[PDB]
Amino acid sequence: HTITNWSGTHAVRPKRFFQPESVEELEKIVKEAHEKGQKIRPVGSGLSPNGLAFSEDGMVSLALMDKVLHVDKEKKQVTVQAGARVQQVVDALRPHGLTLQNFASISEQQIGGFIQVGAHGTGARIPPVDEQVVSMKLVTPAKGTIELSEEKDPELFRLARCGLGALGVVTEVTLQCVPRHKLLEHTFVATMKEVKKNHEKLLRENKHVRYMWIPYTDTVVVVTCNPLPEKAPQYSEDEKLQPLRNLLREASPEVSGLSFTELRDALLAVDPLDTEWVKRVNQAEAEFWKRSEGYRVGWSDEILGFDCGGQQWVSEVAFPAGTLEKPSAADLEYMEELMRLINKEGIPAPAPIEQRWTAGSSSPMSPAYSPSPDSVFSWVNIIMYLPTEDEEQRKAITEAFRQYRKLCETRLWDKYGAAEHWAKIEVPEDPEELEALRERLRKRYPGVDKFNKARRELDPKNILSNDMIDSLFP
């Protein structure tokens, strides 16, 4: 079994690959893996953009353990085997009239890999998915199967539920659900100025708010979602795509089939590191979005999904933007600086730069860790696309993205106290940078020392961790 992430930027062929169908079977696997000092890193769907779960030596998947065990019809709660995919849990929950509190744009993630990185959606009053776990069962190399909750070692619970697969193998999760609801989704464009005006009130008046920023333009695409009490409040598809189709014809039945995202991919392909060419692609996409204002209605699960496009490099940071009651302007200032920089340094940055918001997490490891609840994090995701399979063109884009991320890395993350998403962080080779990174992790995470202490307490032989984990927590 050879195993590759979504963007095929990372792949691994583990010497050992285990896929147990029962806790009993997994209990054994770790017991024996412990007894022998053999690596077994937990893996979910393997989709993490940075290969977090990848180990040459050994990996365990709970893909076959994916049943919904119990529904508490009253406390609005599902207990689910860790191997269940988000999609699988949305389907099972449907007839029980329940849904998850939030979704992370794709739904192929396993609950394990979903919670272990503190995945998030958007919505200023909605935490990342760590704060959605009531209880978990975790299989430890040292203590065996232990039950965690706000009651059973709540100190460990919060450190475990977001443990980057390093504190044990999660077998069960009880999740705080909300009632299955339809959602009204509003898409519109705006200027920086128009954003700044309605921003503070927009976050607070709208359940979900996401901004797609389009570099080398003053077009920001805003997407609000709110529950439909009772329903929905024009350009043709051909007319929406005309600018991108017209731009590609400059440099057909080949074209007429391509989706909006295939056109971007096919446009970027032409010359993805020439900044002037990207200027033109981004302007055309801005026009598309200008021709795509409107409303949709659907179930939260259908609406909070987002088509992310082709294979890609991405980097998302979570940084503090005050509290509900004391608004901050870090979030829009962050964006101003970043768009000042891309122009100043001639970065061939395609669209979109995705800015979202979450409530704080009580999970020490969450990149939106706050002691104060009703705190607010802005998340900002940068992207370069890999439109083709030319390893040549794919290594220039890899270069340029590292430089793009590196420039944010210095100029912004320190200033704003920005912590990287656990699924997107890349361990740099240059030993300067790795020590540079390490001092930043300490700087942004108080619970670090306590996290390696739980690693020795629960996995003293270190069979659950890979190079990545060792390099980040030395």
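From 1 onward, residues are counted along the sequence shown.
Coordinates are lacking for 4 to 9 deposited residues between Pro233 and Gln234. In terms of unmodelled positions of the deposited sequence, the stretch from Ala251 to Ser252 in this entry skips 10 or more residues. Averaged over CA atoms, B-factors in the entry run higher in 434-442 than in the other of 434-442 and 33-41. As listed in the deposited structure, the average C-alpha B-factor of 50-58 and of 65-73 is greater for 65-73. When the Cα B-factors of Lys344, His208, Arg264, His120 are read from the PDB record, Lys344 comes out highest. Looking at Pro243, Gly298, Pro215, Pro229, the one whose CA carries the top B-factor in the deposited record is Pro229. In this PDB entry, the Cα temperature factor of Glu27 sits in the middle third of its chain's modelled residues.
Ranked against the other modelled residues of its chain, the C-alpha B-factor of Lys424 as given in the entry falls in the lowest third. For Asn102, the recorded CA B-factor ranks within the middle third of the chain. Only modelled residues enter the ranking. Residue-level temperature factors show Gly310 in the highest third of its chain, judged at the C-alpha atom.
Sort the chain's modelled residues by C-alpha temperature factor and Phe451 lands in the highest third, per the entry.
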